[PDB]
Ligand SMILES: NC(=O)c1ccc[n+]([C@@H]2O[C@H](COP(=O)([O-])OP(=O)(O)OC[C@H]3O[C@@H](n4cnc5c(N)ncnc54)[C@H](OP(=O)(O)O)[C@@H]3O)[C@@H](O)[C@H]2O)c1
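Given next, in structure tokens, is a single chain: the form solved without the ligand.
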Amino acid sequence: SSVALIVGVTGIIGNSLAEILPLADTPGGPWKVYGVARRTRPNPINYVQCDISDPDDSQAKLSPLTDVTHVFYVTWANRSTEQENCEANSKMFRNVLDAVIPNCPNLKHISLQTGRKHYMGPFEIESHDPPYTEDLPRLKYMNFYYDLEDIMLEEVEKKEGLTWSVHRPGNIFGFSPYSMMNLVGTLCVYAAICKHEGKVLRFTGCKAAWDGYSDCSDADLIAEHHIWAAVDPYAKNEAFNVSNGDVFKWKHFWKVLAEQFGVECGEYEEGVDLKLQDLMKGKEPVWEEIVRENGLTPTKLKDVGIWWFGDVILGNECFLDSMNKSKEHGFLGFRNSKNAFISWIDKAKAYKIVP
């Protein structure tokens, strides 16, 4: 009966879904699960190698998956322009729904993950006032999230009883061995390099990030949120924010990261805005030495140190969201973000990404 198709299983959320779904006490259980991704390689889950952006390969790989009941859409193309983000991401989404909906007679629910950029315009009101809420109108700017929702909504009409849910996290704290968008990983690699070079963990970000309130969204809680919507009647045909239930300051998270690598913590330096891309320019050889000296997973810096992403997060103000609707609709999940941050650092170490 309960059969998951995780679309993007090698990603950060894909991985959390991959670990949690098959567990004995998981709601909706016991689950059979398929994990789909572009890579070959690498256990209870039924792996399918598929390129979602190829109409033929999606037709070939997903049509035979006759028994799936719930799809979890957690993949995204990231392009140079937003217009391209729409062409690319729509094509992918359509390709999966066109391969699944016709061929799965027990399809109950598609769960779509987007993000907090639903609420955020380019710049450039027009804008929204935080904390962000779910059902206040869409901003007038182009946004591939909006396009994905409309596709989903349109495709839900072509089968009766088929439900949907949208999941909108903020900045994700998580892990996967292959992630190419890992904030926590990225900060671990920066910390590791500072330790190696005998340098202080200088703060690489703005003041609003250092001293303001921020939140974040745990990879495992986001997975639980997806699962909740799969099984809860009050979650059906609704969009929802997912964040941790608490608030933090980078001022304090920086010390925690410092402590986890035994490196001197830096403080907010007035008079700049300090970037990871700049500080880590030319560190490719230094990283290889760290990987060799310690018996690490053989990685290149560009695959584990995603600086532009970390800078985008640490160089801007964090606008908070609201968990009221999720709670009101019955999702009482939370995380203690400082503890979760330590936990995801530990996970980077356990997989020998970082020493």
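Just count from 1 along the sequence shown to find any residue number.
J.: Can you count, per the entry, how many deposited residues between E267 and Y268 come without coordinates? Answer none, 1 to 3, 4 to 9, or 10 or more.
T.: Per the deposited record, the segment joining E267 and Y268 has no missing residues.
J.: Counting only residues from the deposited sequence, how many are left out of the model between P42 and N43 (none, 1 to 3, 4 to 9, 10 or more)?
T.: According to the record, 4 to 9 deposited residues lack coordinates from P42 to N43.
J.: I need to verify one thing: averaged over C-alpha atoms only, is the B-factor higher for 155-163 or for 71-79?
T.: For C-alpha atoms only, the mean B-factor is higher in 155-163.
J.: Would you tell me which stretch averages the higher CA B-factor in the PDB entry, 110-118 or 240-248?
T.: Comparing 110-118 with 240-248, the higher average CA B-factor belongs to 110-118.
J.: Please pick out which of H196, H225, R168, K207 has the largest Cα B-factor as recorded in the entry.
T.: Reading the PDB entry, the winner on C-alpha B-factor is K207.
J.: From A229, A191, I125, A219, which pick has the Cα B-factor that tops the rest in the entry?
T.: Result of the comparison over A229, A191, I125, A219: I125.
J.: Ranking every modelled residue in this chain by its Cα temperature factor as given in the entry, which third contains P64?
T.: For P64, the deposited C-alpha B-factor lands in the highest third.
J.: Splitting the chain's C-alpha B-factors into thirds, which one does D51 fall into?
T.: Highest third - that is where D51 ends up once the chain's C-alpha B-factors are sorted.
J.: What third of the chain does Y234 rank in for C-alpha temperature factor, lowest, middle or highest?
T.: Its C-alpha B-factor, which the entry lists for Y234, ranks in the lowest third among residues of this chain.
J.: Please place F203 in the lowest, middle or highest third of its chain by C-alpha B factor as given in the entry.
T.: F203: CA B-factor falls in the middle third of its chain.
J.: Consider only the C-alpha atoms of the modelled residues in this chain, order them by B-factor as the entry records it, and name the third containing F93: lowest, middle or highest.
T.: It belongs to the highest third of the chain when residues are ordered by C-alpha B-factor.
One more form of this protein, deposited with the ligand bound, exists but is not displayed; see below.
J.: Quick one: is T186 in contact with the ligand in the entry with it bound, heavy atoms, 4.5 Å cut-off?
T.: Heavy-atom contact with the ligand at 4.5 Å: absent for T186.
J.: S214 near the ligand in the entry with it bound, any heavy atom under 4.5 Å?
T.: Looking in the entry with it bound, residue contacts with the ligand do not include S214, since no heavy atom lies within 4.5 Å.
J.: Consider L314 of the chain shown here, and say whether it contacts the ligand in the entry with it bound, taking contact as heavy atoms within 4.5 Å.
T.: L314: no, not in contact with the ligand in the entry with it bound.
J.: Can you work out whether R39 and the ligand are in contact in the entry with it bound, taking contact to mean some heavy atom pair no more than 4.5 Å apart?
T.: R39: contacts the ligand in the entry with it bound.
J.: Of these, 174-182, 251-259, 156-164, 269-277, which stretch puts a heavy atom within 4.5 angstroms of the ligand in the entry with it bound?
T.: Of the options given, it is 174-182.
J.: Taking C50, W76 and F144 as the candidate spot, are all three within 4.5 angstroms of the ligand in the entry with it bound by heavy atoms?
T.: Yes: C50, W76 and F144 each sit within 4.5 Å of the ligand in the entry with it bound.
J.: Tell me, out of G121, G115, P131, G245, which residue has a non-hydrogen atom within 4.5 angstroms of the ligand in the entry with it bound.
T.: Comparing distances to the ligand in the entry with it bound, the residue within 4.5 Å is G115.
J.: Name the single residue among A209, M92, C194, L221 that comes within 4.5 Å of the ligand in the entry with it bound, judging by heavy atoms.
T.: Filtering the options by heavy-atom distance leaves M92.
J.: Pull the contact list for 8-41: residues with a heavy atom within 4.5 Å of the ligand in the entry with it bound, in sequence order.
T.: Counting only heavy atoms within 4.5 Å of the ligand in the entry with it bound, the contacting residues of 8-41 are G8, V9, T10, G11, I12, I13, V36, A37, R38, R39.
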